[PDB]
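Heads up: the protein sequence lines correspond to chains B and D, in order.
If you count the first sequence from 1, position 289 lands on 372 in the authors' numbering, and the numbers rise without skipping.
If you count the second sequence from 1, position 764 lands on 976 in the authors' numbering, and the numbers rise without skipping.
Heads up, the beta-carbon is just placed ideally off N, CA and C, and yes, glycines get one too.
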Amino acid sequence: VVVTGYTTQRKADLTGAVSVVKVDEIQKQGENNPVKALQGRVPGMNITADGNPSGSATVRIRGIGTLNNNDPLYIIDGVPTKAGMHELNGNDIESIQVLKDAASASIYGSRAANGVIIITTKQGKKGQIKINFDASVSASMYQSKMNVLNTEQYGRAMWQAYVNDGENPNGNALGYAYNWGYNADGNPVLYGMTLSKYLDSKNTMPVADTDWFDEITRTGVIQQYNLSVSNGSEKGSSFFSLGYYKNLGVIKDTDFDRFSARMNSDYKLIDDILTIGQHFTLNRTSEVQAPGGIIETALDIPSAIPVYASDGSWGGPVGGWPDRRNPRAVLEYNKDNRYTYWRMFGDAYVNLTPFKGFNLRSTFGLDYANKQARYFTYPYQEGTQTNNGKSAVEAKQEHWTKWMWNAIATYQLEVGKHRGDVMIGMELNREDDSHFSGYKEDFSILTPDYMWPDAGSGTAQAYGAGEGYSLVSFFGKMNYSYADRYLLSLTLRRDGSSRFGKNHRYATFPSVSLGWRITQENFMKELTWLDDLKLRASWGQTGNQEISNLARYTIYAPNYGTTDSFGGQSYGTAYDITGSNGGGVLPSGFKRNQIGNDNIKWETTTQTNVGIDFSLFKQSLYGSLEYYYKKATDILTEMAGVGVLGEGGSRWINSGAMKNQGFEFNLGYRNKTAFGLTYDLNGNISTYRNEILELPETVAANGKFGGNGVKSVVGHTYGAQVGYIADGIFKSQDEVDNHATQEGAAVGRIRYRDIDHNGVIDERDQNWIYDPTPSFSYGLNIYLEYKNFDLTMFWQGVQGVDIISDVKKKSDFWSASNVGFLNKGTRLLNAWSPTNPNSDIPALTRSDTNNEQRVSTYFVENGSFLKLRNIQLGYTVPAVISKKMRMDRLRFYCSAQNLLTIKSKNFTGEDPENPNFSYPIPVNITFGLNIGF
Amino acid sequence: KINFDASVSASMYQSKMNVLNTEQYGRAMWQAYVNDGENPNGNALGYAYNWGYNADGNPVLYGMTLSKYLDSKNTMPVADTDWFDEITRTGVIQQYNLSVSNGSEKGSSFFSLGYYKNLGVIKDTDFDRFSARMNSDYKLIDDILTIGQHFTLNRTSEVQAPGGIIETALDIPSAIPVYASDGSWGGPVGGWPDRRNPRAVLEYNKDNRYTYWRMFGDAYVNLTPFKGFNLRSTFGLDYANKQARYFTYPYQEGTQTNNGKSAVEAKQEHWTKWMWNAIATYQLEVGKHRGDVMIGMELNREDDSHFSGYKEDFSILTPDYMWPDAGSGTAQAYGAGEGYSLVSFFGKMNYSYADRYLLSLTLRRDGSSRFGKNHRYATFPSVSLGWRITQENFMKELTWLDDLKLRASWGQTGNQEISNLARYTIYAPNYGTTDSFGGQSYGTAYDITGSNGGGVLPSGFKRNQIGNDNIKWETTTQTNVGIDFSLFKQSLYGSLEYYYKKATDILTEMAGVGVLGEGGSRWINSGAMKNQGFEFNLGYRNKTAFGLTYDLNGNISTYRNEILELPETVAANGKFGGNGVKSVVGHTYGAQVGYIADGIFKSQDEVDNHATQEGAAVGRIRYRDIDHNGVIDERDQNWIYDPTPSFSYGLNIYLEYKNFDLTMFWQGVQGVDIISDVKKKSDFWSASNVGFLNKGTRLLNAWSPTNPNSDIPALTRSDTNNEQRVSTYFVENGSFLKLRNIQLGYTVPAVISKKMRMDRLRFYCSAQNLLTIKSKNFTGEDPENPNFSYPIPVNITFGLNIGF
């Protein structure tokens, strides 16, 4: 029996694509977020994340659905919230339904276009008093370090670039000395290379060989605790959890810690005609955030810079070396930007049955959450890197508030061989967000406790805003079986929000879903090895409303001009009249911000579905097979006002359409063998294919969504880039005339193929080179049970992925970024030379002669992989030794996450998931236990 | 079981101050003028007087005319406004509470929801509270492992009465109208006094609402590894946060102006306290001996933060617009944190022999972050003894005395309730970003350049406080003795209490000597103070043989308080006593020194025969020549005020007859001095800083030749005699007896309600603070609130109790 919306149906009576998740593995993955702890157990649901200690996750359901925001809608004990789950207690979990469909998720709202994830929490069982106590102590180790070139290879690369120019390499701005000459074969050979002693003339900074990715990185411990007490009688139940989870990241001076609590209960009074219950949660998270671009800064700075000066201050690029801040200083100054986040839930449902089989309900949600921060800035001095002696402190504060109310009323009848369930009810909502801030300047002492905004001297500012939302709706549902053969369900939800235009308030969303069994038909009784086979099909129509709050309002704004605008644009409304030329007493006025239409509308999607169930071989080989085809029809794109409309012409209109189709196929084989062993192998294989149907205007031309301003996106998939084709190097001398009219043609300088074959090195040779929607995404869970032992493994992967690497631009070209003399990655030290003609890496030039920074097939890798997510070995302590200590179950398990990975030949990198500069994925090793009374 | 309790009340202003009206104002003024012998037609207000002389030659008033407007340009009409009726209203109270409970062999569980809402009798002031509480506990293993939790969650919100509206309402004359001709708020113009429109103040302050969320609770574990041995650990959490926007609207009530200032301040505060302890206790019962031991440890920590953003100048003047992002003027930012922690080690030992001799022992060692390590901890022992007299066999020849128990105790308690920064020398940057009054911001910014500003000025630091390396714990030491009793088989019961209670090494924020200058104050252990007194409880309860149960239980007590020693600069300070003219050492906390008023000079004769008294004439206050030097000067003051009652008392009458129930609670305080500052406004025309304010209605009885039988000084226009000086004229007898509450109830007979499935249904009806007995010599309204605090209303209430 599972929960789908507000009701509970049977397990074998579903009609939509309700994918129920086994929650026996969520505590075995060992993470903060449960959604990150899925990461492949379900099909058609791409979850991508980092090794951020908060464990936040980017979730897509059934592939990409809409151009703008498409986060799914979580539901935690009736009350919904679209934001969180890395701060919620991820261990009071009873079942996680995932409603991937639209004809089964149409009941829950208009805002269920991206699919809803129904979560429920634990409860008290009848006649049990059990109490558990979990723990874990882990360790995080770094594995995916990109290799960079140190001082000798840096000097060799600089010498190679200057002799490929032909300029004397000894006339460089850096402190290098080169002893070199000419070989008899014409190629220059570097004989001797010698550094200086200091970095400048004034002898402030010595030279060294600093390992930056070994300087900002530590091993980080990870702790965890838990406790859970239950209860339960024939008239009441209770539950009461606790928690703690402390994570210290692999990058230095970032962390996360979460405290938690939970109280659940219910009380049934008069023969089950009156039932009051509640659900409550209370968290506190406290995360120090990593700064922006700290991996890229750790790649950029040359290794000759020391981490300290002659005195205790930080070292820096004192002259000639490019302007990159010391990353150890960036992590040492972003140490006490700690925020603090409280959060509460609520529920109070009241049940009432007047005669029999006919219930009523009236809940009341609540969702409060505030967030206090205090962000410091400091004065620094590293050679030429100086913030000019500036001190400030910003003291933010944000607030959120939601509350719902709904009153369903269900009916239940069983006569003959027919059962049915009709329910009706309304719903309410209200969101009241806020924030404000402060600012001060020019402090005297520099510590995180002196720098409160009263101990300052300088100028001050203040900020703040406020938002809102409302909703009111009515719904309905039906069920039918008529023989325990032919299932049928119809829903309908009329709903009207507070962001829809003035022309139409209420929106209607119908749904039809039907399914019928096979093995209960009497003409199939000759097939005895089969056990159950269920057909299903459905057709729904949902559509979200995550449009901006000011889409229908024609905003006017004061804009006196106190805020800063560089260039003198400064769209102000002051205008000193009387010719005073002085004094801050100027009059004010209103400029127009944007212009709204009154005919705004939700983003409706019409999604069909066809599914097939099976079960064989005395309840084994279970699994499903589904097919789906969705089509959103009204996507919002804000368009700039043409010409004579002047300022404030950005009108939000809704036109655009996408369509998605694919397959899902899960399977599971559980069977005990004669060896004295029991195995279980669940697994799933998905398939995904996207298309943009039509895009309205020149927004399709400039390429906000797809091709980079040179090709239309309509017809192809979403996010597909369009660029050149690079097929090799100018290896021979006769490539300058074997090729056709190349602009930059040298002994390096990768060739671009002709498409028009007319000497075309114009911008008319680009084609679609990169589409990020892979086929053949799959996963596999493997479970073993020997005597007194248990082993759990996992595998997850995807085949046929294209990625756009930007560490390849940093590691294959000497001059591709803007600033010069940056550190690189040590793949380019084996570049093309007259001595070594056996490498595909181009030559090392000092200037971008041939335009090599264009988008091209040289920057497309094979992103297919297969990596083990976790493996966990346990050891259950046997019966009489545990029962001598008056306890039920004991366990001493061990596990490790992300232990290995295998990739293709076609990838010169370090991590096939995130090739770019994000937070890395570290290896965990866990040594925990599980005391169960 | 389950309990639904609901109530509704009307709240009515009662003791309202009698204040001149427009006609009365003009009569008093004519008297004030002619008394001083000036032309009463020279009041630059709108009054003109037809007056003359009687046969004996004293002035007499015949008729009186008032102009129609208070200004020449006729923007402010003349009123007879009753300003207190104009700022008060009938308050409304609501109260609802539900609670539900469940008890099983293996645990218990409680859940309540509550709401309060109270619209005070001062307009535009209100309060409300939402409350939930959940408690539960679980017995596992052999009831030997126990877990429990108590937790309450509360959201309150309030708009508070502005500072000084009662004084403003007392001060603003009737002639000033609520509304000006144009429909703006009314205000003084012309010659009319410097007083703001009190209705407008309250309205301008109606949106200064704070919202306050407090979470309070704990969780605990308890282990009993064998019989009599218990271990327990409790983690407490106490966390509140308070938000508010305070709005500054522009005002303009006649000449009462604000220029055109508009501003908003968004303020936030957080108080986060938590507590942690572990407890170890042993019990044992040996035939006749009984005994508890308990040792344990406790940690406390509070961390506070507060900050706020301030913005000036708004185009639309509503709380919808007035957010900081939308101001076009100057901004300010405020805030800071603080905190402290406490460590605590303690043990307690109980012993009982034969259930007739009892001994008890307490010993703590207590440290605080607020002291240096050289003084962190202090050690506090305690000792008490018991003597259950009646169980001794020779007392059992007394059938009429059920139990009688004599007890005595000695013990000490630390006190460290001081500023978190008390130890330190404090320099603050204090650029000067903050509202002052009349200047004296004491900021460190200065235009050292002479540019006249426009940009950030150089600034610095100013000393707030001098440190003290050796602050220690203050110690309060109590000796106590008392006796409990029970006569006539449990119908006559009660207890006495006598105690001596002394605080030594008292922690005193001690001012600096004058020449020390800016921020010369320091916290010192310097000072001592006693409190000794008697406390008595006595209750009688019995049924009667016609249906009436009656249960009286009353109480009474008295104390004396004496400051024993005091730093020299606090004695001269007056901070705790004699007005900075005499040192309060040896007198009650808050005692006050003053001139002795000795009636009124009633005859030129009596001035010339009195000591020399600057400003003394016929009709003025005769001040006593205490030193007998023939001069009335600053030396002639003595101890004239003590805030300590001779005794206070309380009494609860309870009746039950024929399903009805009646309760009265009376409370009295007897023998108290109050100092009245309304009397300054009621008995004089010029005992105030500013001329032409509204006056109390009593001075219509002021002494004159006309009216020679009076205590009220003759009306004058100048305080020549300085009758504003602190004197016995302002001390009155603030003794009172008040019906704090009376409640009447019917509870429907069981057989009737039990069939609607109700163990208890009851309706009731009550009134709080319905009646006040006071002294004839008290001249104001509420002896318990004789001046300007929020008035104490009479509530009248209806309500009900339902339980399943």
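Next item on the list: Can you pull the chain D residues whose beta carbon is under 7 angstroms from the beta carbon of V312 of chain B, in chain order?
Entry: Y350 and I359
Note to self: Just to confirm before moving on: does the CB-CB distance between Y422 of chain B and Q372 of chain B stay below 9 angstroms?
What the structure shows: Yes. Within cutoff.
Check: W488 of chain D: which of D:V433, D:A478 and D:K285 sits nearest, CA to CA?
Finding: D:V433
Notebook entry, point to check: Rounded to the nearest angstrom, how far is the Cβ of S621 of chain B from that of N692 of chain B, given a contact under 8 angstroms?
Noted result: 5 angstroms
Checklist line | Reference residue 192 of chain D, options D:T645, D:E686, D:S939 and D:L669, closest by Cα | finding: One cannot answer for residue 192 of chain D here, as it falls past the ends of chain D, which runs 213 to 1016.
Checklist line | Residue nearest to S227 of chain D in terms of C-alpha spacing, selected from D:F1016, D:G1011, D:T1009 and D:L982 | finding: D:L982
Note to self: Report the CB separation of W878 of chain B from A244 of chain B in whole angstroms; it is logged as a contact under 8 angstroms.
What the structure shows: Their Cβ separation, rounded to whole angstroms, is 44 angstroms, which puts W878 of chain B and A244 of chain B out of contact at 8 angstroms.
Margin query: If the criterion is Cβ atoms closer than 9 angstroms, does the pair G731 of chain D and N676 of chain D meet it?
Written below: Yes, the Cβ-Cβ distance between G731 of chain D and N676 of chain D is below 9 angstroms.
Next item on the list: Please determine, among D:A538, D:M968 and D:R444, the residue with the shortest C-alpha to C-alpha distance to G644 of chain B.
Entry: Nearest option by C-alpha distance: D:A538.
Item checked: Assigned secondary structure, residue 212 of chain D (DSSP; H/G/I helix, E/B strand, else coil) -> Not covered by the structure: residue 212 of chain D. The range shown for chain D is 213 to 1016.
Notebook entry, point to check: Terminal residues of the continuous alpha helix (DSSP H) containing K111 of chain B?
Noted result: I109 to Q112
Margin query: Does the structure place the region 361-372 of chain B close enough to the region 329-347 of chain B that three or more beta carbon pairs sit under 8 angstroms?
Written below: As far as the Cβ criterion goes, the region 329-347 of chain B touches the region 361-372 of chain B, which means the pair count is three or higher.
Notebook entry, point to check: If you count every other CB in all the chains shown that lies within 10 Å of the CB of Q544 of chain B, and 16 or more means buried, which is it?
Noted result: Result: buried.
Next item on the list: Leaving out five residues on either side along the sequence, give the residues of the same chain with a beta carbon under 6 angstroms from the beta carbon of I1008 of chain B.
Entry: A222 and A979
Check: Checking contacts by CB at 9 angstroms: is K318 of chain B closer than that to chain D?
Finding: yes
Next item on the list: Return yes when the Cβ of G375 of chain D is within less than 9 angstroms of the Cβ of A475 of chain D, no when it is not.
Entry: No, these two residues do not count as a Cβ contact at 9 angstroms.
Check: Which first and last residues belong to the beta strand (DSSP E) in which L273 of chain D is found?
Finding: Annotation for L273 of chain D: the continuous beta strand (DSSP E) segment containing it runs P271 to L278.
Next item on the list: Below 6 angstroms CB to CB, which residues in the same chain sit around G790 of chain B once its five sequence neighbours on both sides are set aside?
Entry: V796 and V805
Notebook entry, point to check: Does the beta carbon of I214 of chain D sit closer than 9 angstroms to a beta carbon anywhere in chain B?
Noted result: With respect to chain B, the C-beta atom of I214 of chain D has a partner C-beta closer than 9 angstroms.
Note to self: Out of B:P1003, B:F1016 and B:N1013, which one is the CA nearest neighbour of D133 of chain B?
What the structure shows: Of B:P1003, B:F1016 and B:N1013, the residue nearest in Cα terms is B:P1003.
Next item on the list: Have a look at the DSSP bridge pairing and note the partners of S474 of chain D.
Entry: Paired residues: none, contrary to the question.
Check: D537 of chain D versus chain B: which residues are under 7 angstroms apart at the beta carbon?
Finding: Those within 7 angstroms of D537 of chain D in chain B are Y546, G547 and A548.
Note to self: Could you check whether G992 of chain B and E944 of chain B sit closer than 9 angstroms to each other, using their CB atoms as the reference points?
What the structure shows: Going by C-beta atoms, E944 of chain B is nearer than 9 angstroms to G992 of chain B.
Next item on the list: Assuming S189 of chain B and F557 of chain B form a contact by the criterion Cβ under 8 angstroms, report the distance between their Cβ atoms to the nearest whole angstrom.
Entry: The distance from the Cβ of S189 of chain B to that of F557 of chain B is about 13 angstroms, inconsistent with a contact at the 8 angstroms cut-off.
Next item on the list: List the DSSP bridge partners of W622 of chain D.
Entry: D:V595 and D:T691
Checklist line | First through last residue of the beta strand (DSSP E) which encompasses residue 1045 of chain B | finding: No statement about residue 1045 of chain B is possible, as the shown extent of chain B runs from 84 to 1016 and does not include it.
Margin query: Rounding to the nearest angstrom, what Cα-Cα distance links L911 of chain D and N921 of chain D in this structure?
Written below: 13 angstroms
Margin query: Is there a Cβ of chain B sitting closer than 9 angstroms to that of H482 of chain D, yes or no?
Written below: Yes, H482 of chain D lies at the interface with chain B (some Cβ there is under 9 angstroms from its Cβ).
Notebook entry, point to check: How about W535 of chain D and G549 of chain B: do their beta carbons lie closer than 9 angstroms?
Noted result: Cβ distance < 9 angstroms, so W535 of chain D and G549 of chain B count as in contact.
Check: Can you name the start and end residues of the beta strand (DSSP E) that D217 of chain B belongs to?
Finding: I214 to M224
Margin query: Using beta carbons (cut-off 9 angstroms, strictly below), is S520 of chain D in contact with chain B?
Written below: Contact with chain B is found for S520 of chain D, since one of that chain's Cβ atoms lies less than 9 angstroms from the residue's Cβ.
Check: How is the beta strand (DSSP E) around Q495 of chain B delimited, first residue to last?
Finding: From DSSP, the beta strand (DSSP E) with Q495 of chain B extends over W488 to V498.
Next item on the list: Could you say if the region 763-771 of chain B and the region 715-733 of chain B meet the contact criterion of at least three C-beta pairs nearer than 8 angstroms?
Entry: no
Check: If you draw a straight line from the alpha carbon of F296 of chain B to that of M224 of chain B, how long is it in whole angstroms?
Finding: 13 angstroms
Check: How should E465 of chain D be labelled, buried or exposed, when 16 other C-beta atoms within 10 angstroms of its C-beta is the threshold for buried?
Finding: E465 of chain D is buried by the Cβ-count criterion.
Notebook entry, point to check: Is any beta-carbon of chain B found at less than 9 angstroms from that of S227 of chain D?
Noted result: False, the Cβ-Cβ gap to chain B never drops below 9 angstroms.
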